[PDB]
There are 2 protein chains.
Amino acid sequence: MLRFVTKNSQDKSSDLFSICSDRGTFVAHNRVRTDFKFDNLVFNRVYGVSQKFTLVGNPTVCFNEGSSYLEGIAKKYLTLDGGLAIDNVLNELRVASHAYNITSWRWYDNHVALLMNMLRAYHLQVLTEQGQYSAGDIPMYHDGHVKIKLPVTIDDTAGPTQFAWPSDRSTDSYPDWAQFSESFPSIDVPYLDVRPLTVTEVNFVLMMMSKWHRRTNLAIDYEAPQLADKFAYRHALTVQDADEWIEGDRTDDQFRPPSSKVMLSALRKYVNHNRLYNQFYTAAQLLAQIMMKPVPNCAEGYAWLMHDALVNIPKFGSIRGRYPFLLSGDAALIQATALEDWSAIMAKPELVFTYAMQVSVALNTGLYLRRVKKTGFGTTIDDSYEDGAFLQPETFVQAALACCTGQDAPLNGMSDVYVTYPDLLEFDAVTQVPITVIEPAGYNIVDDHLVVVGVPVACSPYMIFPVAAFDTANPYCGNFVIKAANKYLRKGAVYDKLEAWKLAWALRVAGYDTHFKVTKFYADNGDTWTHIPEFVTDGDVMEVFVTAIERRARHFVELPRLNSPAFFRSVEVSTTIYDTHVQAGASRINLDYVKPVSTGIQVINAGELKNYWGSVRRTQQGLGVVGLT
Amino acid sequence: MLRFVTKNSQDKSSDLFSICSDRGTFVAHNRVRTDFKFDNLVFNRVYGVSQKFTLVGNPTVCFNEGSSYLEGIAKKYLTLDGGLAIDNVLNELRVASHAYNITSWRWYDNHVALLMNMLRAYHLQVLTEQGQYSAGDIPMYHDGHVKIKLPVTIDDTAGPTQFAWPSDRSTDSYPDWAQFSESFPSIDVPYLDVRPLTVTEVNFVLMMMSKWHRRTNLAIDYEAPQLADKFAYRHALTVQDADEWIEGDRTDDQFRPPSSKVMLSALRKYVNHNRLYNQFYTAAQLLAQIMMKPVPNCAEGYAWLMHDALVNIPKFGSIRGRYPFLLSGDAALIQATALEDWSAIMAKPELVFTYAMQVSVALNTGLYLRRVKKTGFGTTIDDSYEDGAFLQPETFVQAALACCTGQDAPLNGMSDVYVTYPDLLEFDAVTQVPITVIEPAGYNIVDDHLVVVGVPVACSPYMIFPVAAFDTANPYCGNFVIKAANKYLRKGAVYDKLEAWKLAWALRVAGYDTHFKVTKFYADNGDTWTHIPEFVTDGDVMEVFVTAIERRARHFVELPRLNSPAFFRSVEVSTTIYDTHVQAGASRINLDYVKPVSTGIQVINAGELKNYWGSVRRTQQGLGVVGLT
């Protein structure tokens with residue numbers, strides 16, 4: 001995850017932003033300078049381009065059965081090829097079978113749900129103490145023309161301002177827990193080791209073991225039942241503050257949730273003690289992938305925002321506190337990527353939020369990129385693009401990321417886990433958008449409802465600028481030249497679709513709107529980005545007519561008559577970012593703090609694609625899932 | 001003096017401004033263009049920077065005893081090494097001793113006070129006929145915050161609008177004068193030869209022989225008693241118009257002071273006839289050095305303006321009209337610098353005023369430069385800077401000029417004459433400034449009084465731009481580059497003090513104010529120059545923190561986030577002057593008119609440092625008084 005953010009070490013550094021949001025949303029400002037080079041002299045415009053992101057979401061959770069993983073177990077009981085040694089654990093058990101039949105049969109170690117719960121609680125408490133925790137509210141689209149407003153399940157103003165405990169006292173049951181220090185396990189039941197945790201951190205862990213009530217519209221407050229019906233924890237001291245709060249003995253005031261630092265320390269201690277590096281890596285990946293979506297500045301863009309995601313979080317199971325000697329020894333085949341990403345998150349916890357911000361934009365753009373690159377602008381005859389990585393729900397987000405940006409998207413590192421949108425597997429997926437009553441201008445409104453085909457572009461690429469989405473030079477590349485039209489006639493300046501869009505974008509930045517035929521280039525002011533129109537994607541057309549290029553009221557850098565001969569000059573456009581700052585209502589990272597803990601940790605760089613330890617690579621032939629090498 | 005103004009012949013030319021001032025002060029406008037070169041393309045801002053100068057002053061005069069000089073005497077009675085030949089004058093006297101005992105013993109030729117009186121009267125009459133002669137008035141400092149207002153000894157509005165005679169009729173006595181044409185002197189008393197002067201010019205000379213009453217706050221209207229108690233002038237015609245005005249015979253209307261042209265012609269005739277080139281050169285130097293001070297645009301800057309100067313003008317004595325044959329023959333060892341500067345002033349009389357304007361700025365800046373260069377920003381361990389030229393009061397102004405600007409400051413050319421500030425010999429000199437009652441912002445106000453240490457910078461260098469005050473590139477140099485910070489941390493962008501000031505100045509010009517720690521950069525609008533803050537001078541600090549660089553209301557050329565990595569670009573700044581004009585309420589000079597009169601004038605380029613015929617040179621080791629070579 002860290003390498004993806006740093007673009008494989010851009011000058012061995014990158015930048016991060018902490019989580020901040022008001023009313024469930026936050027703007028993401030930018031400052032850029034766009035050049036215009038014609039007549040061998042340079043003009044420029046410095047403009048502020050913003051981008052709205054929202055934390056509001058309602059994903060569908062699926063706490064179904066999942067496989068077991070024993071990576072953070074001592075090297076002498078695990079093995080790369082020999083796997084789990086049941087003979088060694090029976091010998092060291094201290095007949096054998098008499099313990100086998102009791103509990104030694106399950107072997108269902110998996111804490112992904114617990115780690116995800118602790119992470120989302122940390123994020124929610126961060127928002128709480130920043131004075132910004134509240135019920136979500138999706139923004140409205142006021143543009144004089146057709147207006148969009150969406151509902152929320154919980155009202156913002158009545159919504160809670162404080163992150164209380166997820167579960168509600170005196171309404172639902174809790175898992176039955178009791179401290180357990182016996183060497184010999186007695187009941188087949190998850191045993192989780194929390195020995196080195198303080199009273200408050202172990203209290204927080206076992207309280208988050210309970211079930212989760214949703215009290216807000218945010219995407220990370222999803223519903224979650226109790227991870228285990230019964231369980232026991234390996235701790236020297238018997239903790240019952242949570243138990244006292246379960247009954248009326250402890251009041252709400254005296255059992256307030258801890259501060260963000262305490263939850264972060266609890267998570268660090270838990271993962272370090274149980275050697276849960278890969279499991280936490282998967283948990284962070286999933287939480288970031290479900291974190292948020294970008295608020296569109298166009299009308300048809302909200303169709304992407306209407307969709308809800310489906311997540312496969314595995315059912316919880318912990319065999320690490322059953323036997324004290326499991327963790328005695330260096331951990332077995334811990335992935336190097338997991339170690340470095342874990343060190344990066346623990347050093348800077350905002351890395352997960354920044355990666356979520358990058359991944360939302362990359363995925364939303366890459367879905368459009370794949371719906372276009374399948375047909376290749378309609379000059380691909382067969383189906384030899386091999387976009388099949390989009391099919392299996394696990395490599396959905398990874399394939400979208402790889403298609404949008406050339407970088408290797410990081411696989412989830414875990415089997416039967418994914419974040420997927422089932423209804424958007426196919427690119428000819430129609431969506432309906434509830435729409436208020438205002439006269440139209442060619443937004444193909446049907447029965448007072450925007451009909452949207454496929455998935456729309458809903459964000460500017462200004463947080464991943466070198467995206468290289470297209471092969472040719474374009475605004476996504478950043479620097480491009482504007483060439484003369486293919487041939488000039490009465491209708492005017494036959495232009496190829498992609499080059500026509502490039503010209504339209506450059507003129508819209510420069511202050512001239514353009515008129516097309518087979519009518520203008522509806523864009524956004526705040527975000528002077530002009531999203532690619534449907535004439536590029538439809539593939540029925542290959543040349544387009546630009547009739548007239550007019551002057552907007554907000555004039556800017558002056559250009560000649562581009563759409564006519566003897567007056568056109570081959571201007572070229574280059575933009576650079578001056579200042580970016582995610583405000584609402586930064587922290588530099590370099591590869592100096594990446595150095596992971598290698599003391600008593602066996603590290604394998606190689607991975608097997610069966611467990612999804614790899615990275616999907618986009619090539620010209622198409623996407624492709626590649627191992628970690 | 002001329003070479004100092006022309007910077008040793010800048011393209012063999014320079015520029016001058018005539019004296020002009022309203023209410024005792026005059027602005028000094030400028031127009032400059034500041035560049036900003038980053039991303040291989042150039043931005044610029046063209047802004048008007050002004051500077052206020054005031055003629056108001058109250059120097060302390062000291063008409064004490066001084067040495068005698070016989071330079072403009074015939075070559076056969078003076079000698080470079082043999083000196084005054086008393087045998088030759090006794091032979092040519094036409095016993096000898098019988099004339100010795102009478103008058104031939106004194107030999108006290110010195111007219112410096114008379115020449116200075118005629119020059120200041122010329123300047124005052126110029127101001128009078130320009131409709132700008134009035135009582136002085138020091139400007140007030142209105143800035144919303146703490147405000148400064150200073151008093152004046154004579155009220156402006158009640159102050160006279162016309163330059164009347166210095167002395168007051170029917171209040172004080174006058175020197176007793178009578179025409180004298182005898183070959184044989186009778187009484188030991190100064191005898192000054194005014195033979196070729198007209199009636200009005202000789203009248204003006206002998207009237208200025210009287211004592212001077214101050215009727216204005218200007219610095220050149222200083223008090224002066226009558227130069228000689230008794231004297232007689234060598235003139236063919238007995239002039240008594242001044243005598244008639246002494247009594248009631250002549251009214252005020254009929255004895256108005258002459259026009260500026262008449263006084264200038266009188267001075268030219270007097271100095272040419274008596275061969276007073278060196279004496280006039282010293283008089284012009286002194287008058288220019290006391291002319292004026294720059295009005296600061298900062299608060300603590302007025303402390304320099306509060307100070308008063310101490311001047312050593314020698315007591316008058318003239319042995320040149322005693323014997324008609326003294327001036328018969330070519331003059332003896334006249335300095336070449338004196339001749340060329342005399343020719344330049346007579347051709348253009350505004351050279352003295354322009355040199356005064358240059359010298360005020362150079363001296364005020366160089367005092368700060370020496371108070372800093374002694375410690376070398378606090379990385380000099382010993383006292384091996386050899387600033388001892390500042391100690392003796394005679395080479396005070398010269399040392400300040402040499403320290404500010406690399407050019408050789410011209411020595412006074414005369415012994416026991418100086419313009420000096422006794423209390424500012426030491427750089428740890430505290431001064432108090434009367435201050436009006438307004439809430440503070442960190443101007444260390446004590447008991448409603450600005451406490452100021454040392455001497456503050458009170459002027460912009462825009463009239464001497466290539467100043468080269470500092471060794472490194474800086475705004476004083478004009479062109480400099482802005483480098484990356486030494487190292488970046490949470491507080492932000494460790495910067496060396498000098499480079500931090502360079503960055504602050506460049507940003508303040510560009511429209512961004514900057515915040516420092518160990519708080520901003522208080523500067524002036526009208527004069528966008530930002531004076532060097534105390535963190536540069538204190539020498540306790542060597543690195544400074546720049547926290548944030550904000551955008552002012554009056555935005556200008558846009559720059560990226562300079563104080564952060566991945567966003568900083570090494571901008572470079574260069575400024576050039578577009579138009580300068582000294583307005584209130586120019587005259588080009590080239591080295592074509594410099595050609596001095598060499599007919600019957602013996603000229604020596606070499607000089608002896610005993611009589612202060614040299615030029616103090618600043619080197620890296622320190623200052624140093626160097627002869628004329």
# chains A, B, ... in the order shown; residues from 1 in each chain; ligands from 1
>>> interface_residues(of="chain B", to="chain A", cutoff="8 Å", atoms="only C-alpha atoms", output="PyMOL selection string")
chain B and resi 41+558-561+567
>>> select_by_dssp(residues="range 213-391 of chain B", states="strand (DSSP E)", output="list in words")
residues 232, 233, 234, 293, 294, 295, 310, 311, 312, 331, 332, 333, 334 and 335 of chain B
>>> closest_residue(among="B:289, B:479, B:274, B:375", to="residue 396 in chain B", atoms="only C-alpha atoms")
B:289
>>> residues_around(residues="residue 336 in chain B", least_positions_apart="4", cutoff="12 Å", atoms="only C-alpha atoms", output="list in words")
residues 1, 2, 3, 277, 278, 281, 332, 340, 341, 342, 343, 413, 594, 595, 596, 597, 598, 601, 602, 603, 604, 605, 606, 607, 613, 614, 628 and 629 of chain B
>>> closest_residue(among="A:160, A:83, A:565, A:456", to="residue 294 in chain A", atoms="only C-alpha atoms")
A:456
>>> residues_around(residues="residue 99 in chain A", least_positions_apart="6", cutoff="10 Å", atoms="only C-alpha atoms", output="list in words")
residues 90, 93, 105, 184, 185 and 186 of chain A
>>> atom_distance(atom1="CA of residue 66 in chain A", atom2="CA of residue 312 in chain A")
9.0 Å
>>> select_by_dssp(residues="range 299-479 of chain A", states="helix (DSSP H, G or I)", output="ChimeraX atom specification")
/A:302-306,324-326,336-347,350-373,388-390,393-404,422-424
>>> residues_around(residues="range 370-372 of chain A", least_positions_apart="2", cutoff="10 Å", atoms="only C-alpha atoms", output="VMD selection string")
chain A and resid 365 to 368 374 to 378 385 387 390 399 to 400 402 to 404 426 to 428 454 to 455 536 to 539 622 to 623
>>> residues_around(residues="range 445-448 of chain A", least_positions_apart="6", cutoff="10 Å", atoms="only C-alpha atoms", output="list in words")
residues 146, 432, 433, 434, 435, 436, 437, 438 and 439 of chain A
>>> residues_around(residues="residue 322 in chain A", least_positions_apart="5", cutoff="10 Å", atoms="only C-alpha atoms", output="PyMOL selection string")
chain A and resi 103-104+180-193+232-234
>>> write_last_selection(atoms="N, CA and C atoms", output="CSV table (one decimal), in the first residue's frame")
chain,number,residue,atom,x,y,z
A,103,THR,N,-9.9,-29.6,21.4
A,103,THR,CA,-9.8,-28.3,20.7
A,103,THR,C,-8.8,-28.3,19.5
A,104,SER,N,-7.9,-29.3,19.5
A,104,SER,CA,-6.7,-29.2,18.6
A,104,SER,C,-7.1,-29.4,17.1
A,180,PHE,N,-8.5,-16.3,31.0
A,180,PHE,CA,-8.1,-17.8,30.9
A,180,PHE,C,-6.6,-17.8,30.8
A,181,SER,N,-5.9,-18.5,31.8
A,181,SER,CA,-4.5,-18.6,31.9
A,181,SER,C,-4.0,-20.0,31.9
A,182,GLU,N,-5.0,-21.0,31.7
A,182,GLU,CA,-4.6,-22.4,31.8
A,182,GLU,C,-3.8,-22.8,30.6
A,183,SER,N,-2.8,-23.6,30.8
A,183,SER,CA,-1.9,-24.1,29.7
A,183,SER,C,-2.8,-25.0,28.8
A,184,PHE,N,-3.7,-25.8,29.4
A,184,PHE,CA,-4.4,-26.8,28.7
A,184,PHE,C,-5.8,-26.2,28.3
A,185,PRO,N,-6.1,-26.0,27.0
A,185,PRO,CA,-7.4,-25.5,26.6
A,185,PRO,C,-8.5,-26.5,27.0
A,186,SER,N,-9.7,-25.9,27.4
A,186,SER,CA,-10.8,-26.7,27.9
A,186,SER,C,-12.0,-26.8,26.9
A,187,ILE,N,-12.3,-25.7,26.2
A,187,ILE,CA,-13.4,-25.6,25.3
A,187,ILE,C,-13.0,-25.1,24.0
A,188,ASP,N,-13.5,-25.7,22.9
A,188,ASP,CA,-13.2,-25.3,21.6
A,188,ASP,C,-13.9,-23.9,21.3
A,189,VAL,N,-13.1,-22.9,21.4
A,189,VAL,CA,-13.6,-21.5,21.4
A,189,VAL,C,-12.4,-20.6,21.1
A,190,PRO,N,-12.6,-19.5,20.4
A,190,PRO,CA,-11.5,-18.6,20.1
A,190,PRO,C,-10.8,-18.1,21.3
A,191,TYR,N,-9.5,-18.3,21.4
A,191,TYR,CA,-8.6,-17.8,22.5
A,191,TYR,C,-7.7,-16.8,21.9
A,192,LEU,N,-7.8,-15.6,22.3
A,192,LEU,CA,-7.0,-14.5,21.9
A,192,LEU,C,-6.1,-14.0,23.0
A,193,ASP,N,-4.8,-13.7,22.7
A,193,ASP,CA,-3.8,-13.4,23.7
A,193,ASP,C,-3.6,-11.9,23.7
A,232,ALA,N,-12.5,-16.5,25.3
A,232,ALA,CA,-11.7,-16.2,26.5
A,232,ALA,C,-10.3,-15.6,26.1
A,233,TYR,N,-9.8,-14.7,26.9
A,233,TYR,CA,-8.6,-14.0,26.6
A,233,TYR,C,-7.5,-14.3,27.6
A,234,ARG,N,-6.3,-14.4,27.1
A,234,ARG,CA,-5.1,-14.7,27.9
A,234,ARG,C,-4.6,-13.4,28.5
>>> decode(residues="range 212-254 of chain B", atoms="C-alpha atoms", output="compact mmCIF listing (two decimals), in the first residue's frame")
# COMPACT_ATOMS: atom_id res chain seq x y z
CA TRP B 212 24.08 84.44 11.51
CA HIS B 213 20.67 84.26 13.20
CA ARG B 214 18.70 81.04 12.82
CA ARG B 215 15.16 81.68 11.59
CA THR B 216 14.25 78.11 10.55
CA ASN B 217 14.61 74.49 11.61
CA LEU B 218 16.68 73.52 8.55
CA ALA B 219 20.05 71.90 9.09
CA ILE B 220 21.97 74.42 6.96
CA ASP B 221 20.65 77.45 8.90
CA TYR B 222 22.87 76.72 11.90
CA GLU B 223 23.94 79.48 14.27
CA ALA B 224 27.20 81.26 13.48
CA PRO B 225 28.82 84.26 15.19
CA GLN B 226 30.61 86.94 13.18
CA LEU B 227 33.69 85.44 11.56
CA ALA B 228 36.00 88.34 12.40
CA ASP B 229 35.52 91.09 14.96
CA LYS B 230 37.34 93.57 12.70
CA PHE B 231 38.68 93.30 9.15
CA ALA B 232 39.38 95.26 5.97
CA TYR B 233 38.83 94.33 2.33
CA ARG B 234 41.00 95.08 -0.71
CA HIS B 235 38.60 96.81 -3.10
CA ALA B 236 38.97 99.78 -5.43
CA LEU B 237 35.54 101.19 -4.58
CA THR B 238 34.39 101.88 -1.01
CA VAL B 239 31.12 100.00 -0.47
CA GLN B 240 28.80 101.14 2.31
CA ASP B 241 25.32 99.95 1.26
CA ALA B 242 25.55 97.33 4.00
CA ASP B 243 26.74 100.06 6.37
CA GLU B 244 23.79 102.25 5.39
CA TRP B 245 21.49 99.31 6.14
CA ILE B 246 23.19 98.79 9.52
CA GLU B 247 21.79 102.16 10.57
CA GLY B 248 18.35 103.39 9.54
CA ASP B 249 19.58 105.07 6.36
CA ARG B 250 18.72 102.11 4.10
CA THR B 251 15.38 100.36 4.54
CA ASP B 252 14.67 96.63 4.39
CA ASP B 253 13.09 96.91 0.94
CA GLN B 254 16.19 98.39 -0.72
